[PDB]
>>> print(open('start.cif').read())   # mmCIF, N, CA and C atoms
data_start
loop_
_atom_site.group_PDB
_atom_site.id
_atom_site.type_symbol
_atom_site.label_atom_id
_atom_site.label_comp_id
_atom_site.auth_asym_id
_atom_site.auth_seq_id
_atom_site.Cartn_x
_atom_site.Cartn_y
_atom_site.Cartn_z
ATOM 1 N N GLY A 502 24.276 62.179 -41.973
ATOM 2 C CA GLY A 502 22.877 62.040 -42.304
ATOM 3 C C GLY A 502 22.034 63.189 -41.780
ATOM 4 N N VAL A 503 20.760 63.169 -42.189
ATOM 5 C CA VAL A 503 19.843 64.282 -41.942
ATOM 6 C C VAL A 503 19.585 64.460 -40.451
ATOM 7 N N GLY A 504 19.437 63.357 -39.719
ATOM 8 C CA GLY A 504 19.314 63.449 -38.278
ATOM 9 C C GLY A 504 20.614 63.672 -37.536
ATOM 10 N N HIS A 505 21.755 63.579 -38.219
ATOM 11 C CA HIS A 505 23.044 63.879 -37.611
ATOM 12 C C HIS A 505 23.676 65.145 -38.168
ATOM 13 N N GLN A 506 23.058 65.770 -39.165
ATOM 14 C CA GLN A 506 23.526 67.058 -39.643
ATOM 15 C C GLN A 506 23.155 68.149 -38.638
ATOM 16 N N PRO A 507 23.980 69.192 -38.511
ATOM 17 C CA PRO A 507 23.675 70.250 -37.540
ATOM 18 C C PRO A 507 22.513 71.122 -37.993
ATOM 19 N N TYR A 508 21.696 71.537 -37.027
ATOM 20 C CA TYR A 508 20.564 72.424 -37.252
ATOM 21 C C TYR A 508 20.747 73.670 -36.397
ATOM 22 N N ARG A 509 20.592 74.840 -37.008
ATOM 23 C CA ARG A 509 20.500 76.081 -36.255
ATOM 24 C C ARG A 509 19.101 76.181 -35.658
ATOM 25 N N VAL A 510 19.032 76.329 -34.338
ATOM 26 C CA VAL A 510 17.780 76.376 -33.597
ATOM 27 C C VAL A 510 17.685 77.734 -32.917
ATOM 28 N N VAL A 511 16.576 78.426 -33.156
ATOM 29 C CA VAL A 511 16.261 79.705 -32.538
ATOM 30 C C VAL A 511 15.097 79.480 -31.583
ATOM 31 N N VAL A 512 15.323 79.775 -30.309
ATOM 32 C CA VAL A 512 14.314 79.664 -29.265
ATOM 33 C C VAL A 512 13.918 81.074 -28.851
ATOM 34 N N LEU A 513 12.632 81.380 -28.981
ATOM 35 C CA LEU A 513 12.042 82.627 -28.517
ATOM 36 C C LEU A 513 11.216 82.310 -27.281
ATOM 37 N N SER A 514 11.540 82.950 -26.162
ATOM 38 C CA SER A 514 10.811 82.745 -24.911
ATOM 39 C C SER A 514 9.933 83.968 -24.672
ATOM 40 N N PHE A 515 8.655 83.846 -25.022
ATOM 41 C CA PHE A 515 7.718 84.948 -24.865
ATOM 42 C C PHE A 515 7.357 85.147 -23.398
ATOM 43 N N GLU A 516 7.094 86.398 -23.036
ATOM 44 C CA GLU A 516 6.708 86.767 -21.676
ATOM 45 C C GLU A 516 5.275 87.289 -21.713
ATOM 46 N N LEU A 517 4.339 86.466 -21.249
ATOM 47 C CA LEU A 517 2.933 86.852 -21.152
ATOM 48 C C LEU A 517 2.674 87.292 -19.718
ATOM 49 N N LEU A 518 2.685 88.603 -19.491
ATOM 50 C CA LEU A 518 2.591 89.161 -18.153
ATOM 51 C C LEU A 518 1.591 90.308 -18.165
ATOM 52 N N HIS A 519 1.001 90.576 -16.999
ATOM 53 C CA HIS A 519 0.055 91.674 -16.832
ATOM 54 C C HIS A 519 0.736 93.025 -16.644
ATOM 55 N N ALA A 520 2.065 93.080 -16.737
ATOM 56 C CA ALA A 520 2.794 94.334 -16.750
ATOM 57 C C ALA A 520 2.514 95.091 -18.051
ATOM 58 N N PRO A 521 2.730 96.412 -18.066
ATOM 59 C CA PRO A 521 2.638 97.163 -19.329
ATOM 60 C C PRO A 521 3.637 96.663 -20.365
ATOM 61 N N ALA A 522 3.103 96.173 -21.481
ATOM 62 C CA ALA A 522 3.904 95.517 -22.501
ATOM 63 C C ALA A 522 4.701 96.527 -23.313
ATOM 64 N N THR A 523 5.903 96.113 -23.717
ATOM 65 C CA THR A 523 6.778 96.938 -24.537
ATOM 66 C C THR A 523 6.871 96.476 -25.982
ATOM 67 N N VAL A 524 6.617 95.200 -26.259
ATOM 68 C CA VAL A 524 6.660 94.652 -27.610
ATOM 69 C C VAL A 524 5.233 94.353 -28.044
ATOM 70 N N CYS A 525 4.869 94.787 -29.247
ATOM 71 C CA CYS A 525 3.526 94.567 -29.759
ATOM 72 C C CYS A 525 3.584 94.306 -31.255
ATOM 73 N N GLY A 526 2.531 93.675 -31.761
ATOM 74 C CA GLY A 526 2.384 93.463 -33.181
ATOM 75 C C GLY A 526 1.921 94.718 -33.888
ATOM 76 N N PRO A 527 1.910 94.663 -35.226
ATOM 77 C CA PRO A 527 1.482 95.837 -36.001
ATOM 78 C C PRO A 527 -0.018 96.085 -35.924
ATOM 79 N N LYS A 528 -0.409 97.102 -35.158
ATOM 80 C CA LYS A 528 -1.808 97.475 -35.016
ATOM 81 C C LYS A 528 -1.880 98.937 -34.600
ATOM 82 N N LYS A 529 -2.842 99.659 -35.163
ATOM 83 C CA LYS A 529 -2.997 101.080 -34.895
ATOM 84 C C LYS A 529 -3.900 101.313 -33.688
ATOM 85 N N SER A 530 -3.817 102.523 -33.143
ATOM 86 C CA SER A 530 -4.609 102.931 -31.991
ATOM 87 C C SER A 530 -5.692 103.902 -32.441
ATOM 88 N N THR A 531 -6.925 103.645 -32.020
ATOM 89 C CA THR A 531 -8.066 104.463 -32.394
ATOM 90 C C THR A 531 -8.403 105.438 -31.267
ATOM 91 N N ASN A 532 -9.492 106.180 -31.442
ATOM 92 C CA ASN A 532 -9.945 107.125 -30.433
ATOM 93 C C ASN A 532 -10.552 106.386 -29.243
ATOM 94 N N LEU A 533 -10.524 107.041 -28.085
ATOM 95 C CA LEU A 533 -11.072 106.475 -26.859
ATOM 96 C C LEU A 533 -12.512 106.945 -26.689
ATOM 97 N N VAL A 534 -13.434 105.994 -26.571
ATOM 98 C CA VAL A 534 -14.860 106.273 -26.449
ATOM 99 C C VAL A 534 -15.296 105.911 -25.035
ATOM 100 N N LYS A 535 -15.926 106.861 -24.349
ATOM 101 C CA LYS A 535 -16.367 106.677 -22.976
ATOM 102 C C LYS A 535 -17.885 106.763 -22.889
ATOM 103 N N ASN A 536 -18.416 106.136 -21.829
ATOM 104 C CA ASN A 536 -19.833 106.193 -21.439
ATOM 105 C C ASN A 536 -20.759 105.654 -22.529
ATOM 106 N N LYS A 537 -20.320 104.600 -23.213
ATOM 107 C CA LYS A 537 -21.148 103.935 -24.207
ATOM 108 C C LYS A 537 -20.713 102.481 -24.317
ATOM 109 N N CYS A 538 -21.684 101.598 -24.546
ATOM 110 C CA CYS A 538 -21.430 100.165 -24.680
ATOM 111 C C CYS A 538 -20.708 99.915 -25.998
ATOM 112 N N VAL A 539 -19.395 99.678 -25.925
ATOM 113 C CA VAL A 539 -18.560 99.458 -27.099
ATOM 114 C C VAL A 539 -17.670 98.242 -26.872
ATOM 115 N N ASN A 540 -17.147 97.715 -27.976
ATOM 116 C CA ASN A 540 -16.098 96.707 -27.931
ATOM 117 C C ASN A 540 -14.743 97.378 -27.743
ATOM 118 N N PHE A 541 -13.860 96.719 -26.994
ATOM 119 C CA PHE A 541 -12.551 97.280 -26.692
ATOM 120 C C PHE A 541 -11.479 96.202 -26.792
ATOM 121 N N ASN A 542 -10.251 96.660 -27.045
ATOM 122 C CA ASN A 542 -9.086 95.785 -27.171
ATOM 123 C C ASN A 542 -7.889 96.557 -26.618
ATOM 124 N N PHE A 543 -7.531 96.270 -25.367
ATOM 125 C CA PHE A 543 -6.403 96.901 -24.684
ATOM 126 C C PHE A 543 -5.250 95.902 -24.624
ATOM 127 N N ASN A 544 -4.262 96.094 -25.510
ATOM 128 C CA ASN A 544 -3.000 95.336 -25.542
ATOM 129 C C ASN A 544 -3.225 93.832 -25.690
ATOM 130 N N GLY A 545 -4.216 93.458 -26.497
ATOM 131 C CA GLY A 545 -4.585 92.072 -26.678
ATOM 132 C C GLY A 545 -5.712 91.599 -25.786
ATOM 133 N N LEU A 546 -6.046 92.351 -24.740
ATOM 134 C CA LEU A 546 -7.175 92.021 -23.878
ATOM 135 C C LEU A 546 -8.449 92.533 -24.538
ATOM 136 N N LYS A 547 -9.253 91.620 -25.070
ATOM 137 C CA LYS A 547 -10.477 91.983 -25.763
ATOM 138 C C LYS A 547 -11.668 91.930 -24.814
ATOM 139 N N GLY A 548 -12.718 92.659 -25.174
ATOM 140 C CA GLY A 548 -13.931 92.623 -24.378
ATOM 141 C C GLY A 548 -14.988 93.534 -24.959
ATOM 142 N N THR A 549 -16.132 93.563 -24.277
ATOM 143 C CA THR A 549 -17.259 94.404 -24.662
ATOM 144 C C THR A 549 -17.894 94.954 -23.395
ATOM 145 N N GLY A 550 -17.999 96.273 -23.297
ATOM 146 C CA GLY A 550 -18.546 96.862 -22.091
ATOM 147 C C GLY A 550 -18.630 98.367 -22.197
ATOM 148 N N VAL A 551 -18.883 98.996 -21.051
ATOM 149 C CA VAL A 551 -19.000 100.446 -20.970
ATOM 150 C C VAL A 551 -17.795 101.002 -20.225
ATOM 151 N N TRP B 353 11.377 36.959 -42.081
ATOM 152 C CA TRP B 353 10.800 37.638 -40.921
ATOM 153 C C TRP B 353 11.662 37.310 -39.711
ATOM 154 N N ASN B 354 12.751 38.060 -39.560
ATOM 155 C CA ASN B 354 13.723 37.823 -38.501
ATOM 156 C C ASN B 354 13.263 38.547 -37.242
ATOM 157 N N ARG B 355 12.730 37.791 -36.288
ATOM 158 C CA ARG B 355 12.298 38.327 -35.001
ATOM 159 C C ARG B 355 13.395 38.041 -33.984
ATOM 160 N N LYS B 356 14.201 39.055 -33.689
ATOM 161 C CA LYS B 356 15.243 38.932 -32.681
ATOM 162 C C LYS B 356 14.615 39.043 -31.299
ATOM 163 N N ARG B 357 14.803 38.010 -30.484
ATOM 164 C CA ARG B 357 14.266 37.990 -29.132
ATOM 165 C C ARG B 357 15.277 38.605 -28.173
ATOM 166 N N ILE B 358 14.816 39.540 -27.348
ATOM 167 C CA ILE B 358 15.663 40.280 -26.427
ATOM 168 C C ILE B 358 15.152 40.015 -25.018
ATOM 169 N N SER B 359 16.022 39.451 -24.184
ATOM 170 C CA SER B 359 15.733 39.144 -22.792
ATOM 171 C C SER B 359 17.058 39.062 -22.049
ATOM 172 N N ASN B 360 16.975 39.232 -20.722
ATOM 173 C CA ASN B 360 18.126 39.263 -19.807
ATOM 174 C C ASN B 360 19.152 40.315 -20.230
ATOM 175 N N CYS B 361 18.660 41.520 -20.496
ATOM 176 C CA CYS B 361 19.476 42.639 -20.936
ATOM 177 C C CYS B 361 19.509 43.726 -19.871
ATOM 178 N N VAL B 362 20.419 44.670 -20.072
ATOM 179 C CA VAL B 362 20.349 45.994 -19.463
ATOM 180 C C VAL B 362 20.334 46.966 -20.638
ATOM 181 N N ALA B 363 19.136 47.313 -21.097
ATOM 182 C CA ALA B 363 18.967 48.048 -22.347
ATOM 183 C C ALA B 363 19.243 49.524 -22.104
ATOM 184 N N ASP B 364 20.472 49.948 -22.383
ATOM 185 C CA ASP B 364 20.832 51.361 -22.352
ATOM 186 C C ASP B 364 20.487 51.956 -23.711
ATOM 187 N N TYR B 365 19.464 52.804 -23.744
ATOM 188 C CA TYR B 365 18.971 53.370 -24.991
ATOM 189 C C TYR B 365 19.743 54.603 -25.436
ATOM 190 N N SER B 366 20.706 55.076 -24.640
ATOM 191 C CA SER B 366 21.506 56.231 -25.041
ATOM 192 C C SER B 366 22.430 55.904 -26.207
ATOM 193 N N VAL B 367 22.960 54.677 -26.249
ATOM 194 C CA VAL B 367 23.790 54.241 -27.370
ATOM 195 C C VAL B 367 22.963 54.164 -28.648
ATOM 196 N N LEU B 368 21.726 53.673 -28.541
ATOM 197 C CA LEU B 368 20.829 53.624 -29.691
ATOM 198 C C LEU B 368 20.406 55.022 -30.129
ATOM 199 N N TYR B 369 20.205 55.927 -29.169
ATOM 200 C CA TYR B 369 19.827 57.300 -29.486
ATOM 201 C C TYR B 369 20.967 58.051 -30.162
ATOM 202 N N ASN B 370 22.207 57.788 -29.750
ATOM 203 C CA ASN B 370 23.376 58.412 -30.350
ATOM 204 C C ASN B 370 24.000 57.557 -31.447
ATOM 205 N N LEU B 371 23.257 56.592 -31.984
ATOM 206 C CA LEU B 371 23.756 55.792 -33.093
ATOM 207 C C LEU B 371 23.792 56.626 -34.368
ATOM 208 N N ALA B 372 24.844 56.419 -35.170
ATOM 209 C CA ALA B 372 25.058 57.264 -36.346
ATOM 210 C C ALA B 372 24.019 57.084 -37.457
ATOM 211 N N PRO B 373 23.657 55.838 -37.940
ATOM 212 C CA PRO B 373 22.721 55.794 -39.079
ATOM 213 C C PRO B 373 21.265 56.100 -38.747
ATOM 214 N N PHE B 374 20.735 55.581 -37.645
ATOM 215 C CA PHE B 374 19.296 55.599 -37.416
ATOM 216 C C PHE B 374 18.873 56.872 -36.689
ATOM 217 N N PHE B 375 17.853 57.548 -37.224
ATOM 218 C CA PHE B 375 17.444 58.862 -36.736
ATOM 219 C C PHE B 375 16.065 58.859 -36.090
ATOM 220 N N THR B 376 15.032 58.435 -36.820
ATOM 221 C CA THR B 376 13.663 58.565 -36.339
ATOM 222 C C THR B 376 13.386 57.568 -35.221
ATOM 223 N N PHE B 377 12.637 58.011 -34.216
ATOM 224 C CA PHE B 377 12.445 57.236 -32.995
ATOM 225 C C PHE B 377 10.979 57.289 -32.566
ATOM 226 N N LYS B 378 10.066 57.007 -33.500
ATOM 227 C CA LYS B 378 8.640 57.152 -33.219
ATOM 228 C C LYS B 378 8.190 56.083 -32.230
ATOM 229 N N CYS B 379 7.319 56.451 -31.291
ATOM 230 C CA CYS B 379 6.917 55.502 -30.262
ATOM 231 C C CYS B 379 5.429 55.623 -29.978
ATOM 232 N N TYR B 380 4.792 54.476 -29.736
ATOM 233 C CA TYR B 380 3.379 54.404 -29.380
ATOM 234 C C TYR B 380 3.247 53.632 -28.078
ATOM 235 N N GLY B 381 2.538 54.218 -27.111
ATOM 236 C CA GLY B 381 2.249 53.600 -25.840
ATOM 237 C C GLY B 381 3.206 53.983 -24.728
ATOM 238 N N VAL B 382 4.452 54.322 -25.071
ATOM 239 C CA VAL B 382 5.466 54.714 -24.102
ATOM 240 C C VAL B 382 6.131 56.001 -24.574
ATOM 241 N N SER B 383 6.786 56.676 -23.635
ATOM 242 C CA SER B 383 7.525 57.909 -23.860
ATOM 243 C C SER B 383 9.020 57.630 -23.953
ATOM 244 N N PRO B 384 9.681 58.182 -24.984
ATOM 245 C CA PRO B 384 11.097 57.839 -25.226
ATOM 246 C C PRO B 384 12.035 58.253 -24.102
ATOM 247 N N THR B 385 11.810 59.426 -23.501
ATOM 248 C CA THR B 385 12.592 59.861 -22.349
ATOM 249 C C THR B 385 12.357 58.994 -21.118
ATOM 250 N N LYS B 386 11.238 58.275 -21.056
ATOM 251 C CA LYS B 386 11.006 57.327 -19.980
ATOM 252 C C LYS B 386 11.557 55.941 -20.291
ATOM 253 N N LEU B 387 12.123 55.737 -21.490
ATOM 254 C CA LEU B 387 12.495 54.394 -21.930
ATOM 255 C C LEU B 387 13.699 53.826 -21.184
ATOM 256 N N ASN B 388 14.435 54.650 -20.447
ATOM 257 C CA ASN B 388 15.509 54.165 -19.593
ATOM 258 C C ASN B 388 15.058 53.924 -18.158
ATOM 259 N N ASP B 389 13.764 54.056 -17.867
ATOM 260 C CA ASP B 389 13.267 53.969 -16.501
ATOM 261 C C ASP B 389 12.337 52.787 -16.260
ATOM 262 N N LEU B 390 12.041 51.988 -17.278
ATOM 263 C CA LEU B 390 11.038 50.938 -17.175
ATOM 264 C C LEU B 390 11.679 49.560 -17.276
ATOM 265 N N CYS B 391 10.876 48.544 -16.969
ATOM 266 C CA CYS B 391 11.269 47.149 -17.107
ATOM 267 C C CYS B 391 10.250 46.429 -17.976
ATOM 268 N N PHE B 392 10.743 45.701 -18.971
ATOM 269 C CA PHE B 392 9.923 44.938 -19.895
ATOM 270 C C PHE B 392 10.217 43.455 -19.713
ATOM 271 N N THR B 393 9.183 42.627 -19.874
ATOM 272 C CA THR B 393 9.361 41.186 -19.734
ATOM 273 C C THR B 393 10.170 40.616 -20.893
ATOM 274 N N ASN B 394 9.802 40.970 -22.123
ATOM 275 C CA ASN B 394 10.522 40.542 -23.313
ATOM 276 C C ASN B 394 10.384 41.617 -24.380
ATOM 277 N N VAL B 395 11.446 41.798 -25.163
ATOM 278 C CA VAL B 395 11.451 42.752 -26.267
ATOM 279 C C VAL B 395 11.636 41.963 -27.556
ATOM 280 N N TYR B 396 10.931 42.353 -28.613
ATOM 281 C CA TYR B 396 11.091 41.689 -29.900
ATOM 282 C C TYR B 396 11.420 42.713 -30.974
ATOM 283 N N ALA B 397 12.473 42.445 -31.742
ATOM 284 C CA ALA B 397 12.971 43.369 -32.750
ATOM 285 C C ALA B 397 12.765 42.783 -34.139
ATOM 286 N N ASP B 398 12.244 43.598 -35.051
ATOM 287 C CA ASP B 398 12.056 43.208 -36.444
ATOM 288 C C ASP B 398 12.800 44.201 -37.325
ATOM 289 N N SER B 399 13.826 43.724 -38.032
ATOM 290 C CA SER B 399 14.717 44.579 -38.812
ATOM 291 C C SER B 399 14.585 44.229 -40.290
ATOM 292 N N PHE B 400 13.958 45.124 -41.054
ATOM 293 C CA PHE B 400 13.636 44.930 -42.463
ATOM 294 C C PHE B 400 14.200 46.080 -43.292
ATOM 295 N N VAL B 401 14.064 45.946 -44.611
ATOM 296 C CA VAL B 401 14.270 47.031 -45.565
ATOM 297 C C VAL B 401 12.986 47.183 -46.369
#
>>> encode(input="start.cif", output="structure tokens")
Amino acid sequence: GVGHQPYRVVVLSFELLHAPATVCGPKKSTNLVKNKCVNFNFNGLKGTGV
Amino acid sequence: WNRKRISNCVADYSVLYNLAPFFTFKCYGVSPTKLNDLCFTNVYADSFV
């Protein structure tokens, strides 16, 4: 039966750490803007500041 | 309406969990992994099609 038939199970254990990340999603890198109030996104860390 | 009355048991739910025909084990009010750790005064079973 369906509950007794075998299932292939894939477990992905993600590592959410403050270390420099090696795996990332598809996203491009823009120019770095300094000394101005801008929005920023560093490796998934979003914010707004100078 | 066959209400099977269950009392004076040692209800080992591992045999029911590893039973061949029955699969789904939905529960309300209690947790299935805790079901071998509790004591109930009386259990009532209703088996229909």
>>> resolve_selection(input="start.cif", expression="the PyMOL selection byres ((chain A) within 8 of (chain B))", output="list in words")
residues 502, 503, 504 and 505 of chain A
>>> select_by_dssp(input="start.cif", residues="chain B", states="helix (DSSP H, G or I)", output="ChimeraX atom specification")
/B:365-369,384-386
>>> write_last_selection(input="start.cif", atoms="N, CA and C atoms", output="PDB file, keeping the file's coordinate frame")
ATOM      1  N   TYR B 365      19.464  52.804 -23.744  1.00  0.00           N
ATOM      2  CA  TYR B 365      18.971  53.370 -24.991  1.00  0.00           C
ATOM      3  C   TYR B 365      19.743  54.603 -25.436  1.00  0.00           C
ATOM      4  N   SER B 366      20.706  55.076 -24.640  1.00  0.00           N
ATOM      5  CA  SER B 366      21.506  56.231 -25.041  1.00  0.00           C
ATOM      6  C   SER B 366      22.430  55.904 -26.207  1.00  0.00           C
ATOM      7  N   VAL B 367      22.960  54.677 -26.249  1.00  0.00           N
ATOM      8  CA  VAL B 367      23.790  54.241 -27.370  1.00  0.00           C
ATOM      9  C   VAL B 367      22.963  54.164 -28.648  1.00  0.00           C
ATOM     10  N   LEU B 368      21.726  53.673 -28.541  1.00  0.00           N
ATOM     11  CA  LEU B 368      20.829  53.624 -29.691  1.00  0.00           C
ATOM     12  C   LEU B 368      20.406  55.022 -30.129  1.00  0.00           C
ATOM     13  N   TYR B 369      20.205  55.927 -29.169  1.00  0.00           N
ATOM     14  CA  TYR B 369      19.827  57.300 -29.486  1.00  0.00           C
ATOM     15  C   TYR B 369      20.967  58.051 -30.162  1.00  0.00           C
ATOM     16  N   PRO B 384       9.681  58.182 -24.984  1.00  0.00           N
ATOM     17  CA  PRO B 384      11.097  57.839 -25.226  1.00  0.00           C
ATOM     18  C   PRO B 384      12.035  58.253 -24.102  1.00  0.00           C
ATOM     19  N   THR B 385      11.810  59.426 -23.501  1.00  0.00           N
ATOM     20  CA  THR B 385      12.592  59.861 -22.349  1.00  0.00           C
ATOM     21  C   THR B 385      12.357  58.994 -21.118  1.00  0.00           C
ATOM     22  N   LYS B 386      11.238  58.275 -21.056  1.00  0.00           N
ATOM     23  CA  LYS B 386      11.006  57.327 -19.980  1.00  0.00           C
ATOM     24  C   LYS B 386      11.557  55.941 -20.291  1.00  0.00           C
TER      25      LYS B 386
END
>>> atom_distance(input="start.cif", atom1="CA of residue 355 (chain B)", atom2="CA of residue 396 (chain B)")
6.2 Å
>>> closest_residue(input="start.cif", among="B:389, B:383, B:378, B:398", to="residue 357 (chain B)", atoms="all atoms listed in the file")
B:398
>>> residues_near_point(input="start.cif", point="(-6.2, 91.9, -23.6)", cutoff="12 Å", atoms="only C-alpha atoms", output="NGL selection string")
:A and (517-522 or 525 or 540-549)
>>> atom_distance(input="start.cif", atom1="CA of residue 513 (chain A)", atom2="CA of residue 530 (chain A)")
26.5 Å
>>> select_by_dssp(input="start.cif", residues="chain B", states="strand (DSSP E)", output="list in words")
residues 355, 356, 357, 358, 395, 396, 397 and 398 of chain B
>>> axis_aligned_box(input="start.cif", around="region 370-378 of chain B", padding_each_side="8 Å", output="lines of an AutoDock Vina configuration file")
center_x = 16.6
center_y = 57.2
center_z = -34.4
size_x = 32.9
size_y = 19.3
size_z = 25.3
>>> residues_near_point(input="start.cif", point="(7.5, 43.4, -21.8)", cutoff="12 Å", atoms="only C-alpha atoms", output="number ranges by chain")
B: 357-360, 382, 390-396
>>> residues_around(input="start.cif", residues="residue 538 (chain A)", least_positions_apart="3", cutoff="7 Å", atoms="all atoms listed in the file", output="number ranges by chain")
A: 535, 549-551
>>> write_last_selection(input="start.cif", atoms="N, CA and C atoms", output="compact mmCIF listing (two decimals), keeping the file's coordinate frame")
# COMPACT_ATOMS: atom_id res chain seq x y z
N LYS A 535 -15.93 106.86 -24.35
CA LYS A 535 -16.37 106.68 -22.98
C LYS A 535 -17.89 106.76 -22.89
N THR A 549 -16.13 93.56 -24.28
CA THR A 549 -17.26 94.40 -24.66
C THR A 549 -17.89 94.95 -23.40
N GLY A 550 -18.00 96.27 -23.30
CA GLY A 550 -18.55 96.86 -22.09
C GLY A 550 -18.63 98.37 -22.20
N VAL A 551 -18.88 99.00 -21.05
CA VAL A 551 -19.00 100.45 -20.97
C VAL A 551 -17.80 101.00 -20.23
>>> atom_distance(input="start.cif", atom1="atom N of residue 369 (chain B)", atom2="atom N of residue 354 (chain B)")
22.0 Å
>>> closest_residue(input="start.cif", among="B:387, B:368, B:397, B:379", to="residue 356 (chain B)", atoms="only N, CA and C atoms")
B:397
>>> decode(input="start.cif", residues="chain B", atoms="C-alpha atoms", output="PDB file, in the first residue's frame")
ATOM      1  CA  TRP B 353     -22.557   1.468  15.241  1.00  0.00           C
ATOM      2  CA  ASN B 354     -20.069  -0.965  16.765  1.00  0.00           C
ATOM      3  CA  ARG B 355     -18.396   0.783  19.711  1.00  0.00           C
ATOM      4  CA  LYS B 356     -15.629  -1.512  20.937  1.00  0.00           C
ATOM      5  CA  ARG B 357     -14.876  -0.744  24.581  1.00  0.00           C
ATOM      6  CA  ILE B 358     -11.190  -0.925  25.526  1.00  0.00           C
ATOM      7  CA  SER B 359     -10.151  -1.187  29.181  1.00  0.00           C
ATOM      8  CA  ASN B 360      -7.619  -3.123  31.300  1.00  0.00           C
ATOM      9  CA  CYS B 361      -5.104  -3.097  28.442  1.00  0.00           C
ATOM     10  CA  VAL B 362      -1.433  -2.462  27.883  1.00  0.00           C
ATOM     11  CA  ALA B 363      -1.865  -0.584  24.607  1.00  0.00           C
ATOM     12  CA  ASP B 364       1.376  -0.977  22.660  1.00  0.00           C
ATOM     13  CA  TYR B 365       0.858   1.340  19.689  1.00  0.00           C
ATOM     14  CA  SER B 366       3.977   0.152  17.827  1.00  0.00           C
ATOM     15  CA  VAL B 367       2.091  -2.890  16.491  1.00  0.00           C
ATOM     16  CA  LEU B 368      -0.693  -0.586  15.275  1.00  0.00           C
ATOM     17  CA  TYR B 369       1.868   1.803  13.761  1.00  0.00           C
ATOM     18  CA  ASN B 370       3.598  -1.064  11.926  1.00  0.00           C
ATOM     19  CA  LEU B 371       0.301  -2.642  10.844  1.00  0.00           C
ATOM     20  CA  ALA B 372       0.230  -3.476   7.137  1.00  0.00           C
ATOM     21  CA  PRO B 373      -3.189  -2.111   5.901  1.00  0.00           C
ATOM     22  CA  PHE B 374      -3.754   1.063   7.937  1.00  0.00           C
ATOM     23  CA  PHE B 375      -1.582   4.099   7.164  1.00  0.00           C
ATOM     24  CA  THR B 376      -3.014   7.470   8.227  1.00  0.00           C
ATOM     25  CA  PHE B 377      -2.755   8.290  11.927  1.00  0.00           C
ATOM     26  CA  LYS B 378      -4.355  11.724  12.358  1.00  0.00           C
ATOM     27  CA  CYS B 379      -4.732  12.852  15.966  1.00  0.00           C
ATOM     28  CA  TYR B 380      -6.439  15.716  17.806  1.00  0.00           C
ATOM     29  CA  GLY B 381      -5.641  16.677  21.398  1.00  0.00           C
ATOM     30  CA  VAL B 382      -2.683  14.296  21.830  1.00  0.00           C
ATOM     31  CA  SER B 383       0.668  13.696  20.122  1.00  0.00           C
ATOM     32  CA  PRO B 384       1.238  10.304  18.450  1.00  0.00           C
ATOM     33  CA  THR B 385       4.843   9.939  19.660  1.00  0.00           C
ATOM     34  CA  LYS B 386       3.532  10.549  23.189  1.00  0.00           C
ATOM     35  CA  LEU B 387       0.820   7.887  22.770  1.00  0.00           C
ATOM     36  CA  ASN B 388       2.980   5.200  24.417  1.00  0.00           C
ATOM     37  CA  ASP B 389       3.597   7.390  27.491  1.00  0.00           C
ATOM     38  CA  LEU B 390       0.084   8.181  28.775  1.00  0.00           C
ATOM     39  CA  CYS B 391      -2.708   6.470  30.696  1.00  0.00           C
ATOM     40  CA  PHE B 392      -6.358   6.631  29.632  1.00  0.00           C
ATOM     41  CA  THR B 393      -9.370   5.668  31.735  1.00  0.00           C
ATOM     42  CA  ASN B 394     -11.290   4.101  28.831  1.00  0.00           C
ATOM     43  CA  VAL B 395     -10.776   3.922  25.066  1.00  0.00           C
ATOM     44  CA  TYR B 396     -13.613   3.576  22.558  1.00  0.00           C
ATOM     45  CA  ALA B 397     -13.099   2.324  19.002  1.00  0.00           C
ATOM     46  CA  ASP B 398     -15.480   2.840  16.074  1.00  0.00           C
ATOM     47  CA  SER B 399     -14.662   0.784  12.965  1.00  0.00           C
ATOM     48  CA  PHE B 400     -16.690   1.658   9.843  1.00  0.00           C
ATOM     49  CA  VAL B 401     -16.447   1.695   6.051  1.00  0.00           C
TER      50      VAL B 401
END
